[PDB]
Every structure is written in structure tokens, then in C-alpha cells.
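Consider the single chain below, provided in C-alpha cells and representing the form deposited in one PDB entry.
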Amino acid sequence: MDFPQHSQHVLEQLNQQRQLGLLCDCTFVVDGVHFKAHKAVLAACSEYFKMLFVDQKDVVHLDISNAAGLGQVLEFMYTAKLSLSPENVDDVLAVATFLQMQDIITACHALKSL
């Protein structure tokens, strides 16, 4: 029925839970920056997290170098929006490559085509 409008309302509410740290069940630090998020949302958007969390494994040493790129990727997962620029496109690509998110990988490849 109203599935697109309801799913947007659900994602918006999941985003505000993340901003307030409510019902978050996983935490990362990358470059000294703390992140809070839902394991279920991560698994719904990244195959790396899906394979990691379904295996009942937790995060310790996330193998990424950029916290700014991780913030942009985590922002896309909760808002469906991604702002690419020549200053960040390579860091977003490295994070998305590790997270196996093919949608963001192709998006960065398109940005570098210019």
C-alpha cells in the first residue's frame, strides 16, 4: 500500500534513534571517532556487516582508515543520501569497498569518471 512512505518514516525514526544513541547495539571507533548504530540496519545495507553479525560476531578492529568516509557511509545507510566530492570520493570508496556495498562503490567510480 503506502510502503514507500512508511519505509521512509521508519528510516527517519531509525536515524533519530542513532543520533540520540537509543537502542544502539554496536559501537566502533575509527581514527578516534566513536560511532553508534543498529546491527540490524548495518546488516540490511552492508554484506560485510550482515556476514559478521549473523555469525554472532562483534566488532573490535574495523579495518578502515577514514572516519569521515565511514560517517558519510553510515549517513547514507540512515538517510539514503550521499554527497561525493573530489576531496572525499577516495575515502568513501575505500570504506564502501571494505563494507562490500556495491551501490556506493559504483557511485564513487562514477564521480571519478568526471
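The first residue of the shown sequence is 1; numbering continues from there. Think of the rigid core as the biggest set of C-alphas that the two forms share within 1.5 Å after superposition. Shifts are known only where both forms have a C-alpha.
Beyond what is shown, the protein has a form solved in complex with a partner chain; the following relates to that form.
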Do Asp90 and its partner chain come within 4.5 Å of each other in the deposited bound form, heavy atoms counted? no
Moved residue between the shown form and the other one - picked from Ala43, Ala68, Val59, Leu82, where its Cα shifts 2 angstroms or more relative to the rigid core: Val59
What direction does the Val60-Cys26 Cα distance move in the deposited bound form compared with the shown chain, closer or farther, given a change of 3 Å or more? farther
With a shift of at least 3 angstroms, figure out whether the C-alpha spacing between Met101 and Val60 grows or shrinks in the deposited bound form: closer or farther? closer
Moved runs of 3+ residues, each with a C-alpha displacement of 2 angstroms or more between the shown form and the other one on the rigid core: 1-4, 55-62
